[PDB]
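One-based numbering, in listed order, for ligands and for the atoms of each. Every heavy atom of this structure was used, including side-chain atoms; hydrogens, water molecules and symmetry mates were not. Per chain, numbering begins at 1; letters A, B, ... match sequence-line order.
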Amino acid sequence: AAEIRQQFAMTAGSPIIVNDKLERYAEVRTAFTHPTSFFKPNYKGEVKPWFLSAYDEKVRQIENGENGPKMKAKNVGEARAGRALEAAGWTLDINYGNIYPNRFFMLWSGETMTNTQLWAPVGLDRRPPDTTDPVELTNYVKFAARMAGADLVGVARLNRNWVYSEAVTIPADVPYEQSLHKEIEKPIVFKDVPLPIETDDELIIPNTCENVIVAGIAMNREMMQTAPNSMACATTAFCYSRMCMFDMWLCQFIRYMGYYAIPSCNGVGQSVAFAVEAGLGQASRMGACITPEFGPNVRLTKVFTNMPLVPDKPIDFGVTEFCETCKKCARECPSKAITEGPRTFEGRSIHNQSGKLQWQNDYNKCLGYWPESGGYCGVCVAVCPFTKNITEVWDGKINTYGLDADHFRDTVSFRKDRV
Amino acid sequence: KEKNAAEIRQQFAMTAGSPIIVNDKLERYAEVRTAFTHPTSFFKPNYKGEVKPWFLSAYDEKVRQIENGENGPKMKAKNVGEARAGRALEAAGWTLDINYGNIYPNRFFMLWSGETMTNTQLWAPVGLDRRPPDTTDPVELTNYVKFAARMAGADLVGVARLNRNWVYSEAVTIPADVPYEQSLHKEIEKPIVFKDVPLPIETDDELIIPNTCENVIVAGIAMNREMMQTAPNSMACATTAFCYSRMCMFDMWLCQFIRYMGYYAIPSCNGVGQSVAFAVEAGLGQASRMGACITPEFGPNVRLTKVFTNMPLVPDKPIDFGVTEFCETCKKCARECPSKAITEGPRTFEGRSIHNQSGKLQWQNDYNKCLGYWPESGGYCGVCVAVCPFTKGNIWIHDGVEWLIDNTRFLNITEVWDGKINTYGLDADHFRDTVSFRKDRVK
Ligand SMILES: Oc1c(Br)cccc1Br
Ligand SMILES: Oc1c(Br)cccc1Br
Ligand code: SF4
Ligand code: SF4
Ligand code: SF4
Ligand code: SF4
């Protein structure tokens, strides 16, 4: 697999084509959060927050012995087990995605963490860096990234175009039990300050925050191929908790090396753009980053840092030309959210960032299918050529973290392929 | 013949019954007696002769090594930056672990109820933790819970009936009103008792496990071979540390699954009871001279955690692949141990010191001597694990009829940082050994 990645390396430079209209995108505009898309009816006709309507459908399916919309389970017990696995997978994730910056798991400084307090006498986070050489730092941090659970890791200079103009967060002293009802919008700004810092008014990223480290966290193929049913939800959920652990582990390593580090999971900025600029894969018709190793069946998280690093090269292995003629995701999408048309610079709705050349999809149509189906769909990921019943999945092949030993050698790494 | 870990486990499976041999002086063991916590062993001199809590003296040695550009005792690093990087990696690995081991029950990550967790609150409208179980068949439950366990990061998983002999008589914990920054100064003992109650509960005086708590699920969390082979130096400390955080994630993930199936679940990591005994009874491996559970897949180079539950399950069979007989003649760990903590003598039922639980046949090691080497070396040693022939990846051969151990196996850090790695430090050359189908999970 290291052969292929070297073979398809592009020359340096962001491969995302932009025009003079591009502006940073306010996070509240996503379909998950925006007032125009947030409320959806449940199966009884009651309008609720979309995830509560989705909950009602999960309950209905368990009672009716179903693993998904009009997909009968082996019995009620199997139906229950799939939703229990899904719910458990989210254990280390806040309110579906860890998006609030500098809250809960996503702290922008390590100072208050229990691990930092226990290690304080050693003073690793107070000691100036002993290594400033970006080549050695790139090798160290990528090794750490693999220890921390990334199946793929890449480095890019930070393109501020993909950092949200304003984040969705909560006030700092609001308890978890009130968080969903007290979400607010808060600017993310870049200033000449020593350290990432949050004021009452602003999330402040230092101008020295040069780089972004992007991690790919592989989902399980057997489970994703049950999309839109419950086991696809379960591999989604478990990987969100893997994302969170990656961010915390890697931020701590970077801090203990003498630099600062900002975790993010689904917050702070647009993961797909970062992942493309860092060479993990290419943008696709469905909108996901398609990787050679996993196709789009891989989750993304990222960490921002002033640690000196060597940027990776973007890769071109023909995804754009293949998506131009394929359209399989668009034809299988249960909500017709994915376009069959050509790429443009103009978003279809508020949910798209205009000003960048991409396939423009209707993400409110996507979200509408989630309460209907009682899950997170994923049919587009499941049918994509690059990616390649529920009783058979439960009785079938599994391995640690859902990884597959038939392909796990493809992500082996030596220094030569780290820097 | 291509290595078949499932065939190996089938070949060496025993008939039912705890393999640990006990006599009449066996009593449950108070957790405060471990070398980490007992006042006789807790204090150790640093390299300047100052007597401190052992981990503070070890800190002093880590700092000295970085300043002198060393990766371990008398082991020069490539440069100061490499020495720094190894300790940064080690420190980061512990991110999801409280005070080296997560031992306080029902505190921090080790909650005995899911009710207050952010995930439970988010999911409350579905009622999964309040709805009665839809599955009570132990066969289906074993398949379900083991699949979840592999999703949750276990490289090995097994089930045993809970043997209360290995549950600590009293736990080490902190009062519920004590904040983290004072925890190390406010540790206390608290009895673990079994009573006729519906759910695990803590009172001001007792940690109460229900009499319905029939089963224990044991997970093996594989460490990285290349890094452990640097024991007693910093990279062995880093694979130890990262696996403690994997243990914590496993416990929380699995307890939440079990609760959402309609049962209760008690996490534990290094607390609550003795992991090696549970692992032996659950068939992960056999006890050894060094004292660890040796597994066919990883030897002793694997961490353990466990979850206690009333979920009906099918116990696994113990395994006997000849470890006792190899340990009888090997003694490599005993010869290489830098503190001479491991005995070269026979097994007995009589503890060597307060740190051993008497009344069970085992090799009796001096664990105060072991702990004494940790401040001296500035780490968690591991030389015994590193030199054990079972830690080697290629011990198994097939003779055309059956699997056997190759007797011939019993006769630097820069290169690790520049060398092979993969996700979670797992090794794709051997990762096929832990593939699992339904037949591997429940018979
Ligand atoms: O990424 C997600 C977010 Br942010 C919210 C709900 C579900 C998913 Br998947
Ligand atoms: O298992 C451990 C405990 Br409990 C404490 C310190 C170091 C280790 Br390793
Ligand atoms: S997740 Fe489902 S509804 Fe959404 S774009 Fe993909 S196929 Fe369509
Ligand atoms: S299904 Fe086809 S068009 Fe859609 S993302 Fe995959 S390759 Fe592209
Ligand atoms: S080194 Fe030898 S005696 Fe020690 S635990 Fe391993 S096999 Fe047994
Ligand atoms: S960890 Fe080190 S000091 Fe302790 S028993 Fe093993 S070899 Fe000896």
Side-chain angles (χ1 to χ4, degrees), chain A residues 27 30-33 38 49-51 54 86 89-90 93-100 118 168 219 232-233 235-237 239-240 243 264-267 271 281-290 295-297 299-301 318-333 338-340 359 361 363 366-367 370 375-388, chain B residues 31 34-37 42 53-55 58 90 93-94 97-104 122 172 223 236-237 239-241 243-244 247 268-271 275 303-305 370-371 374 379-382 385:
Chain A
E27 189 173 20
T30 74
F32 287 140
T33 53
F38 179 76
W50 66 267
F51 56 90
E86 171 191 1
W90 291 107
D93 177 274
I94 297 293
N95 294 347
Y96 298 118
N98 279 327
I99 73 174
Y100 316 146
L118 177 64
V168 172
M219 290 174 85
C233 304
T235 181
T236 293
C239 285
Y240 270 103
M243 283 162 56
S264 65
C265 285
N266 276 8
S271 304
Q282 294 186 265
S284 63
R285 180 176 296 276
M286 80 177 73
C289 173
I290 280 182
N297 190 30
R299 306 216 74 79
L300 300 171
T301 183
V319 177
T320 311
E321 296 82 1
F322 190 101
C323 282
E324 282 171 348
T325 54
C326 172
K327 300 180 187 109
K328 173 98 205 137
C329 56
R331 301 197 320 268
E332 294 297 315
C333 174
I338 300 171
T339 182
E340 295 200 4
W359 280 283
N361 298 322
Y363 291 124
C366 179
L367 187 57
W370 294 25
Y376 327 125
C377 193
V379 165
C380 45
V381 174
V383 299
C384 183
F386 288 98
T387 287
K388 43 107 180 162
Chain B
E31 187 176 20
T34 69
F36 289 139
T37 54
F42 175 77
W54 69 268
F55 56 90
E90 167 193 5
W94 293 105
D97 177 276
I98 298 294
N99 294 347
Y100 296 122
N102 280 323
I103 74 175
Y104 313 149
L122 180 63
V172 172
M223 294 188 279
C237 301
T239 184
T240 295
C243 283
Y244 270 104
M247 285 163 54
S268 69
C269 287
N270 274 7
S275 304
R303 306 217 80 75
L304 303 169
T305 184
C370 177
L371 186 52
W374 293 26
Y380 328 125
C381 193
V385 174

Proximal atoms of ligand 2 relative to B:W54 (non-hydrogen, under 4.0 Å) | 6 (C)

Can you check whether A:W50 and A:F32 have ring centres sitting under 6.0 Å from each other?
-> yes

For ligand 4, which atoms, with element, lie under 4.0 Å from some heavy atom of A:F322?
-> 7 (S)

Atom indices of ligand 4 within 4.0 angstrom of A:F386 heavy atoms, with elements = 7 (S)

Protein contact of atom 8 (C) of ligand 1 - nearest heavy atom, named by residue and atom, plus distance = A:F32 CZ, 3.7 Å

Flag side-chain contact, heavy atom, 4.5 Å: A:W359 against A:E340 = no

With ring pair (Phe, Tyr, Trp, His ring centres under 6.0 Å) as the test, would you mind laying out the steps for A:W90 and A:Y376 before giving the verdict?
-> CA-CA 13 Å; A:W90 291 107; A:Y376 327 125; 5.6 Å; yes

the protein heavy atom lying closest to atom 7 (C) of ligand 1 turns out to be A:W370 CZ3, 3.5 Å

Starting from atom 1 (S) of ligand 4, which protein heavy atom do you reach first, and at what distance in Å?
-> A:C329 N, 3.3 Å

Look up atom SG in A:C326 and atom CE in A:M286, then write down how far apart they are to the nearest 0.5 Å.
-> 8.5 Å

Record the part of A:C323 in heavy-atom contact with ligand 4 below 4.0 Å; permitted values are side chain, backbone, both and neither.
-> both

Reported CD-to-SG distance for the pair A:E332 and A:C377, which is rounded to 0.5 angstrom = 10.5 Å

Polar atom proximity, A:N266 to ligand 1 (N or O, under 3.5 Å) = yes

Among protein heavy atoms, which sits nearest to atom 5 (S) of ligand 4, and what does the distance come to when rounded to 0.1 Å?
-> A:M286 CE, 3.5 Å

Between CZ of B:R303 and CG of B:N270, what distance do you get to the nearest 0.5 Å?
-> 7.0 Å

Could you tell me whether B:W374 and B:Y100 have their ring centroids closer than 6.0 angstrom?
-> no

To the nearest 0.1 Å, how far is atom 2 (Fe) of ligand 4 from its closest protein heavy atom, and which atom is that?
-> A:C326 SG, 2.4 Å

Strictly under 2.8 Å, is any N, O or S atom of A:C384 next to atom 4 (Fe) of ligand 4?
-> no

Roughly how far, to the nearest 0.5 Å, is the CZ atom of A:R285 from the OG1 atom of A:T320?
-> 10.5 Å

Point-to-point distance, once rounded to the nearest 0.5 Å, from SG of B:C269 to CE of B:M247 = 4.0 Å

To which protein heavy atom is atom 3 (S) of ligand 4 closest, and what is the distance rounded to 0.1 Å?
-> A:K327 N, 3.3 Å

Closer than 4.0 angstrom: is that true for some heavy atom of A:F51 and an atom of ligand 1?
-> no

Residue and atom name of the nearest protein heavy atom (relative to atom 1 (O) of ligand 1), distance in Å to one decimal | A:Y240 OH, 2.1 Å

Hey, could you give me the CD1/CG distance between A:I338 and A:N361, rounded to the nearest 0.5 Å?
-> 5.5 Å

For ligand 1, indicate whether the residue A:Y96 contacts it via side chain, backbone, both or neither (heavy-atom separation under 4.0 Å).
-> both

